[PDB]
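Line by line, the protein sequences give chains A and A'. A prime marks a further copy of an entry chain.
So the entry's author numbering is basically just the index in the first sequence, starting at one, shifted up by 17.
So the entry's author numbering is basically just the index in the second sequence, starting at one, shifted up by 17.
Virtual Cβ for every residue (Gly too), placed ideally from N, Cα, C.
Working notes, beginning with the structure itself.
There are 2 protein chains.
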Amino acid sequence: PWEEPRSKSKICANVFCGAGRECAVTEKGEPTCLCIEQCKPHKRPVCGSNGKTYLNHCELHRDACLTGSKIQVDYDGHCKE
Amino acid sequence: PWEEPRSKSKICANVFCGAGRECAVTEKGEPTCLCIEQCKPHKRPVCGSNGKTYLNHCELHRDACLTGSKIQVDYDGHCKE
């Protein structure tokens with residue numbers, strides 16, 4: 018009855034955005050990388066250089082992207098102690 | 018047990034993005050407007066200058082934003098005929 022929603026797959030092929038970032042469409046109709054809106058909540062805990070434990074790989078880098086800081090995974094699973 | 022996800026509300030207050038656009042965070046940690054990822058699927062049909070019928074106000078402008086074209090609502094409800 019009404020027009021069915023358009024996709025960004027076309028504008029966002031084949032775009033590479035790092036971990037914690039994904040591809041979206043600017044007001045000019047062209048692809049950018051921005052911080053990921055919501056990470057898929059797979060349970061895959063991870064420990065950051067910042068000493069924090071994150072739910073998964075995406076969440077660690079998404080946080081890095083929101084804060085403009087330098088977080089990386091140093092080891093997987095929860096942080097020590 | 019793990020750190021709970023951060024929000025963009027802080028970076029995106031108080032940002033104004035037009036219809037069909039919303040606010041997200043760039044790789045530099047600052048707010049932009051980009052095309053809305055998914056419009057809330059409220060049923061509020063609308064007819065565009067482009068002669069197409071859209072599910073709602075957001076969907077018409079989101080399409081405008083993805084195509085870089087000049088769509089506006091000329092009247093609400095489905096298009097004629």
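Flag this pair as yes or no: are the beta carbons of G37/A' and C82/A' separated by less than 7 Å? Counted from its first residue, the second sequence places residue 37/A' at position 20. Counted from its first residue, the second sequence places residue 82/A' at position 65. Result yes, Cβ atoms of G37/A' and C82/A' sit closer than 7 Å.
Can you tell me the Cα-Cα spacing of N73/A and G94/A, whole angstroms? On the first sequence, position 56 is the one that residue 73/A refers to. On the first sequence, position 77 is the one that residue 94/A refers to. Roughly 9 Å separates the two Cα atoms.
Starting from the beta carbon of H95/A', find every residue of chain A whose beta carbon is closer than 9 Å, and list them in chain order. Along the second sequence, read from residue 1 onward, the residue named residue 95/A' stands at position 78. Those are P18 and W19, listed as they occur along chain A.
Once the 5 residues before and after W19/A are set aside, which same chain residues still bring their CB inside 8 Å of it? Residue mapping note: residue 19/A aligns to position 2 of the first sequence, counting from 1. Same-chain partners within the cutoff: there are none.
Between which two residues does the alpha helix (DSSP H) holding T84/A' run? Translated into the one-based positions of the second sequence, residue 84/A' becomes position 67. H74 to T84 is the span of the alpha helix (DSSP H), which, as asked, contains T84/A'.
Kindly list the residues whose CB is nearer than 6 Å to the CB of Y92/A', restricted to its own chain and excluding five residues on each side of it in sequence; keep chain order. Residue numbering aside, residue 92/A' sits at position 75 when the second sequence is read from its first letter. Counting only Cβ-Cβ distances below 6 Å, and skipping sequence neighbours, we find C64.
For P58/A, I'd like the list of residues in its chain whose CB is within less than 7 Å of its CB, leaving aside the five on either flank, ordered along the chain. Here the question's residue 58/A lines up with position 41 in the first sequence. So the qualifying residues of the chain are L72.
DSSP puts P48/A' in a beta bridge; with which residues? Walking along the second sequence from the start, residue 48/A' turns up at place 31. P48/A' is bridged to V42/A'.
Between which residues of its own chain and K60/A is the CB-CB distance below 8 Å, once the five residues before and five after are set aside? The residue you call residue 60/A lines up with position 43 of the first sequence. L72 and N73.
What distance in whole Å lies between the Cβ atoms of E44/A and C50/A', which are believed to be in contact at a cut-off of 8 Å? The residue labelled residue 50/A' in the question sits at position 33 within the second sequence. The residue labelled residue 44/A in the question sits at position 27 within the first sequence. Taking C-beta atoms under 8 Å as the contact rule, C50/A' and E44/A qualify, at a distance of about 6 Å.
Quick one: Cα of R23/A to Cα of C56/A, how far? The residue labelled residue 23/A in the question sits at position 6 within the first sequence. The residue labelled residue 56/A in the question sits at position 39 within the first sequence. Near 22 Å, if we compare the C-alpha coordinates of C56/A and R23/A.
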